[PDB]
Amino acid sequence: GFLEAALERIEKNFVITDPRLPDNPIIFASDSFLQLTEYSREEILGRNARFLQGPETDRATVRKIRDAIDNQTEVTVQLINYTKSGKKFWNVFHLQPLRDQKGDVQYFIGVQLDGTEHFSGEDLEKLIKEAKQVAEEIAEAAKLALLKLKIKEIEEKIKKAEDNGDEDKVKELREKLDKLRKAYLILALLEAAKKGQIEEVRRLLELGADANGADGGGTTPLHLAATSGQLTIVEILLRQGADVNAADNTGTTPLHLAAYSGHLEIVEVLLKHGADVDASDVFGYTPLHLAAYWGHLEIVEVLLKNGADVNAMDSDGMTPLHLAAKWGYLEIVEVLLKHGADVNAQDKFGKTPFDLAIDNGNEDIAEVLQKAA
């Protein structure tokens, strides 16, 4: 089983359920999960996860898990579950759907992190992110295995159509096969760009991976490389025809992500390769808005040196100076004024940068802005 081989590799606590099958049975349980819960695969596989429920499993929490399965949504909860021998354990539990190409739910992924009862605030929030990332790691391994199964199955249908001399159906299936292969290549390239696997990026491109391929949300390899600070991978993608200005479904470009993430070298390279310095996302944010919001002084300097509109307005009428004043970035306020920033700009709620400096007790910034009035 391609899917079985892919999931046995993951040294995490998880299950996979099939909600197409009656009562949404577990069809895969990790060694780790079986270890935790004290069951064998023979005992678990083909049964509904409700054997984990005991007297002190919160029924309102189980309800939220039931609702998430009925609405085909994600949930993360904390709750007490039970081992085979009736031992209780606290766990952070994350449930998400895994969807087919049609985007219908094919499976649910459930991830457990046990021993969580003393985690609060920031530490608990790190566990909630950890369970989600594990579910994402499982979902990508499963997507790849399911693609390989589809490829195996179309190749079987091609061999059959050849043996009946159905030459039209062979051509039709060969087009489908060529698309599954393009899909596998872009899935692998997106992941390699994100993980900073330089040689793997080179090899995927040599094998015909589309430098301009995009996921669901129109995210390109270049977007991912921008976010993760992968300078070489950025250069490789650009040399091989990656659209420097590709906008995802939120109108985010690589330059936005480079500015958002503080990656100066990448901001410089994208600009040198003709990135649109004033690209606005669906919220009307430009790279300079993001650089100012996150306090990235050197990126604010490089964007203005490259002709950034110093008075761009987001859909709330905020200019870069409003954000720098709001979040207390004195040197960015100083730099923005030297480049022509409008101290009299009013956002959608009638506030100037001076007003936001005042409301946020940013004394120094209010002085400098008053002085420029």
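Residue positions are given as counts along the sequence shown, with the first one as 1.
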**Report entry** Between 53-61 and 37-45 (mean CA B-factor, as deposited), the higher
**Finding:** 37-45
Report task. Would you mind comparing 261-269 and 157-165 for me and telling me which has the higher average C-alpha temperature factor in the entry? Result -> 157-165
Query raised in the report: Can you tell me which of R202, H289, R99, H223 has the highest Cα temperature factor in the record?
Result: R99
Query raised in the report: Of the three thirds of its chain by CA temperature factor, lowest, middle or highest, which one includes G115?
Result: highest
Query raised in the report: Would the CA B-factor of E298 place it in the lowest, middle or highest third of its chain?
Result: middle
Query raised in the report: Thinking about Cα B factors across the chain, which third does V343 belong to?
Result: highest
Requested in this report: Please rank the C-alpha B-factors of the chain's modelled residues and tell me whether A247 sits in the lowest, middle or highest third.
Outcome: highest
Query raised in the report: Where does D123 sit by CA temperature factor within its chain: lowest, middle or highest third?
Result: middle
